[PDB]
Every structure is written in structure tokens, then in C-alpha cells.
> 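So that we are looking at the same thing, I have put the structure below in C-alpha cells.
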Amino acid sequence: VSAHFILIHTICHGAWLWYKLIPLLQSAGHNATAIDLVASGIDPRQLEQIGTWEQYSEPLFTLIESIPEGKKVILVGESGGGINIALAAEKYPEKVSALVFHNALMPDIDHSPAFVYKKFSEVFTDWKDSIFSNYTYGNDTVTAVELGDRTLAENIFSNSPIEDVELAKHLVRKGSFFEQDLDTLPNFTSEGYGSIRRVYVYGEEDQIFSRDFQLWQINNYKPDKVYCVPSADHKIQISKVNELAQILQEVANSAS
Amino acid sequence: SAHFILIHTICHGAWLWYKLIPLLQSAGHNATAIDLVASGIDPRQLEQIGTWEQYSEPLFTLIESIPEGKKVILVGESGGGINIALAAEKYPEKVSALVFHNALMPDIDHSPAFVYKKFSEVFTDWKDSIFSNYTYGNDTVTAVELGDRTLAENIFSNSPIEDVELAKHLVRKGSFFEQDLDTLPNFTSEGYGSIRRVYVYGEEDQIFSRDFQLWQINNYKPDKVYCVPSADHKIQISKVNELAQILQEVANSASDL
Ligand SMILES: [Ca+2]
Ligand SMILES: [Ca+2]
């Protein structure tokens, strides 16, 4: 089995995050591609040039457009990246064989695309030393975050090697969830996002996405399969890559 | 307990030091890695600069903030050796030791670019790396984007593949601003030359040959040399523990002075 995975990071993060996983997938025969979204990683744009999911997601869309024939990709989205892969599946359902959510926001079809994010914001507010800020983009004022050291070390990379905490500390950039724009979008549909195999992977020691919250997401719109990864934090791809690679192997096999 | 300032080479950034920082901190030291201009996640773009003074700004600004009577250990890797050399020349009072890490180590008899011109003469195997240029002020500047094979075969030649993959999604277009470098006045005895210089190198370096690094050592003898068995050009990635052990000794050497 040879599959093409596209790996999508959350806000504030970037392609670099997937560094442990790419080689594992490639050793198993697969193609694994991680890209920077706009104003993320080393993308030269700045956040203020951007205020919408369509522009934030451009590089993912552009990439999927360039997939040939009736070939299909597996989209893997972590944390807030789940929204990105959901948009992509809604826009190019023919090109996606499976969606993998990785401690990720997993939308549904019965509610606004921002529903699942509003629930997270309602239930987690312990941002500690993270710095919030906002800016103007047309008629919207946009709220942005720079992730704090304690947030990285205690809540996100909570069970990863300290050197990965230190790595993130010199790489994370200002990010936003563009919530006004998200709320603005039409619900996902049965025939788009809803037509694709969805796999929910989560980490037993996630200190930002509670067990309660991730279970809520699973029950709110049941996926085709669920995996719990013992001892993993929010960043499975950093704290337990081998398990994550094992799981992704099965997803590839199951895709066909 | 010492304050190390860790300086990456061109195309690279602060991120590179991620394995080392926690090691130095566990041992009681302060370790600070910064991005130079248009490097790492610095928001500037390369075309906005064309000189070493502006490229180094964040290092200079940082050292300016260190107060009288206090000193730092500057650790410079690869092309980062030039940066720490400039800093020592400009703020010799604030530097207790220079550590070169498979790095360009200048001298005082020759132009500051001498040691880089020698490297360019002796290594040209750039493979899939892409060269380009642009205009800045009255100079045209040559820039490089490091290729996948260059990273995997020549630079990270003995590091875990995941680090090769990491660099692949982080390296940015860089330049050595050679016209500007050749433009600068020679380093001096009383500046750059007045500081303890430690030359650290990796046995398996596939970009800075053993012959070249030895040439650098003999061209301007350092106060100590370390060879790290099995290390590639990126010691801080392929052999951090040995590197941390070495830096401990340098810190000890620096104390009581
Ligand atoms: Ca996150
Ligand atoms: Ca290098």
C-alpha cells in the first residue's frame, strides 16, 4: 500500500512540526507532504495580511488542485488543523480518501463550521502566559494569539521531550482562528465533507483538548473509527510518532 | 554558570540549537539562541539587507544589553563564526570565549573574508542547491537556497533523518554578503584577537573537510581544539552530549577570569 498523506499543522505552528513522522511514513513506502499555511512556519507573509480561512488555507487548496487524475490523498489535520482539512474535503471531496483528526477540531454538518471551536473556547480558557492581541482586516477586527512558554510546556507539548518544547519556542508565530470568517461560512454537507471516511485519533494525556471535549466531538458526529494513544499529549506527532505512524498505516490500508 | 549565546549559520536559525539549550540549562547555564535578520522566523526578507552589520544586528543588540563586568560565551556554527568574530571585535570586553563549531574562524593578518574565500575555493559540490542574486544598495548580492541532497549528504550527513526533514521545512534563502565582508577592516589583536578561541570540529564533516578545518587551525592557532568522533557538520544535532560536555569545560575555563 502506497498512499499520499498531506499533513496540516494548527495555527501558530507549521510544517516543521511533522519532522518525526514524515520519515516514518516514507520508510513504509508512502508519500508524506507537510506544508506551511499562510503566515505560518517560514511562510514569508505576515498574519495581518490575512483574515479568512480561504486565504489561510490557500496553500492546501493549491496543493490538492495539483493532484492528478482520479488520485486521492489522505488528509491529516492536528488541533485547529482539523478545520482546514474539513474545508478541503468540502471543496474537493473527490480527491480525499480519508480524513484523520489528530487531537483535532472535527466539524459536523448540522451546525455552523465554527460550532466545534465555540465549544472548545467555552470549555478551555486557561491560557496562562499566552499573549492575545488583535488587528484590523477590512470590517473585521481579528483576534490573534502568541503561544506562551507555559502553555507550550504544560498544556500542548505536555508530555514531549523538553527539546521539542524548546524547538516550538523558537518557531511558533502569532496565529488566529479567524472566527468571524468561520461563523460566516455555510455548513458542511453530506455530499462533501460528510461523504469521506473520518478517523478520530486522540492522546490520552492531552492537556488542552480534554477527554470530555474530545469525547463530546466523537459523539456529536460519530467517526468511522477512533484511536486512543496511551501516554500521548496534544502533539501525538511529537510525543508518540511510532504509534501515530502505526495508526496511519492501517488508515492507508483501509483506504483501499 | 555561564551565559552562552548561540549563533546559527546562514540559511539556518535559532531552531537549530533545540537539542542543546536544555542540556546547557540543566547544567546551570543560561543559553540563548536568536534568529539573525531574515533567518529562522525573523519577519524580514533577505532582499532587505546586504551587509554583515545589518545581518548581525540582533546579536549586537543583545550584547549591548549585557552590562559592564559581565561576559558571555559566543558559540558560532559554520558561517556563524564570522558573526561571533565581528561581535568580539566590536565588544571585546563583553566576551569571555569564542567557540567555533565546524565554523569559519577568521584571523588578523588577512581580510575578514579570507577564510570564506578559501572554503569557496575548496568546496564546490553544491548539488541541488539553488543560487540566485539580487541588488542591495550599490552591490549585487549572491544568495543560496540549500538543496535537499546538500542537507542530507553534506551538512546533516550523520544526523537522524528527522533532523534532515526538519531542516528541509525550515531553511531559508541566505547569503554571505561577500562584497561587504571583503570591505571590512581586518580584525585586530586587541579586539577579536584578544579573546580565548576554542575550535570544535566534527570527524565526519562532509562540507568542511578535515584538511580545511586543519588549515584554519594552523592559519591562526586557537587556544584549544576539540575533535568530536562521528560528528557531522551539525554537531549540535548529531552529537549534542559531547558538544555540551565540551561547552561545560569552556565555561569552567572561563570562570576565574
Ligand atoms: Ca496546538
Ligand atoms: Ca550549515
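Side chains included, hydrogens not; waters and symmetry mates left out as well; all remaining heavy atoms used. Letters go in sequence order (proteins before strands), and every chain restarts at 1.
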> Could you look at B:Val164 and say if it's the side chain, the backbone, both or neither that has a heavy atom under 4.5 Å from chain A?
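B:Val164 has no heavy atom closer than 4.5 Å to chain A.
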
> Non-hydrogen atoms of chain A under 4.5 Å away: do they reach the side chain of B:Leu170, the backbone, both or neither?
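Both parts, heavy atoms under 4.5 Å.
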
> So which of B:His169, B:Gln25, B:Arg172 has the largest heavy-atom pair count under 4.5 angstrom toward chain A?
B:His169

> Using non-hydrogen atoms and a 4.5 Å limit, figure out which bit of B:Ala33 sits close to chain A: side chain, backbone, both or neither.
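Both parts, backbone and side chain.
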
> Find the distance between NZ (B:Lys19) and CG (A:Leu167) and round it off to the nearest 0.5 Å.
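Result: 9.5 Å between the selected atoms.
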
> Check salt bridge (charged side-chain N to carboxylate O under 4.0 Å, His left out) between A:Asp43 and all other residues, then give those that pass, not counting sequence neighbours.
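A:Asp43: salt bridge (charged side-chain N to carboxylate O under 4.0 Å, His left out) contacts with A:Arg45.
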
> Give me the contact list for residues 45-58 of chain B versus chain A, heavy atoms only, anything under 4.5 Å, ordered by residue number.
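Interface residues of residues 45-58 of chain B: B:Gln45.
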
> Could you tell me which portion of B:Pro43 (side chain, backbone, both or neither) has an atom closer than 4.5 angstrom to a non-hydrogen atom of chain A?
both

> Take a 6.0 Å sphere around CG of A:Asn253 and say whether it holds more than 12 heavy atoms from other residues, nucleotides or ligands.
yes

> What distance do A:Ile162 atom CD1 and B:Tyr18 atom OH have between them, rounded to the nearest 0.5 Å?
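If I round to the nearest 0.5 Å, the distance is 11.0 Å.
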
> Enter the distance from A:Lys174:NZ to B:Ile41:CD1 here, rounded to the nearest 0.5 Å.
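Reported value, rounded in 0.5 Å steps: 12.0 Å.
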
